[PDB]
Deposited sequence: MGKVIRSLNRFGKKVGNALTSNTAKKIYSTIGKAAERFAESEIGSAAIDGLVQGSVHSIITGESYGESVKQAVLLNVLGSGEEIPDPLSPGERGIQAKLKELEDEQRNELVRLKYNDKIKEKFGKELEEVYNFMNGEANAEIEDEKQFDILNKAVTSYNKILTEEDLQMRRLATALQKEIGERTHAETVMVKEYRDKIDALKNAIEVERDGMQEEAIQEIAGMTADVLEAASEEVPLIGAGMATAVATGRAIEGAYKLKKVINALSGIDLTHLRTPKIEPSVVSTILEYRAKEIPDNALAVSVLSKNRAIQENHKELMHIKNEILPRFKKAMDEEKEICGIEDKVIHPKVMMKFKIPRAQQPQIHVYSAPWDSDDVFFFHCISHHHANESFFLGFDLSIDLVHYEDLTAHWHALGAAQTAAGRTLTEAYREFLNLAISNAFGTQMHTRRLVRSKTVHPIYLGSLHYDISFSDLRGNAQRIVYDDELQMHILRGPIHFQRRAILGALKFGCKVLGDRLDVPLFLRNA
């Protein structure tokens, strides 16, 4: 095998990125996301309780030692009183766990602040949803920019279209002229139908799905600049090597890796 080292290193890195229990959930399935978010919450609060209780167990042992020293010294005073003072100091030190270390709340807004995080909406066609779907990503603090990123993993089709509304004058009236989600979606379906690897039932299902609305499946807001998301999308569309890596394998891994690439970019490989 002539390509079992240079691209195998990147395959190992990609596998490491995909393989986790609280990161990169499946986009088209609320169940996987609900499992992963709860695993995150459980591990987080279990770690919090274990560290808090370890320090409080230290102080409970100190208090027990102080009481035992008092009992063993009564039957002289400073041998127990300084232990009690140290116990008071360490109890005060350990009891402050309300907002001691929550740095990931305010320091994580270095890239984007809260309520400005980009909105990714996940849609899918209603008759071949496992294979064909798309994301509609909306920007904030411009309120007029968005984009559409569509996938058909049955045939390995990737499509990207911006959706920005510009002021236009039709006659002596005005309008917000820019490609709309519905016509971009129908354009994607039309581009998918006239393709040489059509199953002869895949195309019929695409045509049937053309006349009806797509199926909503949720939204995923992440801490990353919208322009960075646009850069990652354009990177996914054109890079042949990224398409070779993230667009091969089991369909579940396909969608997981595609979400990972959209979230991170080219940093997932190497």
property	result
Gaps in the model, given as deposited-sequence positions counted from residue 1	1-60, 136-319, 515-526
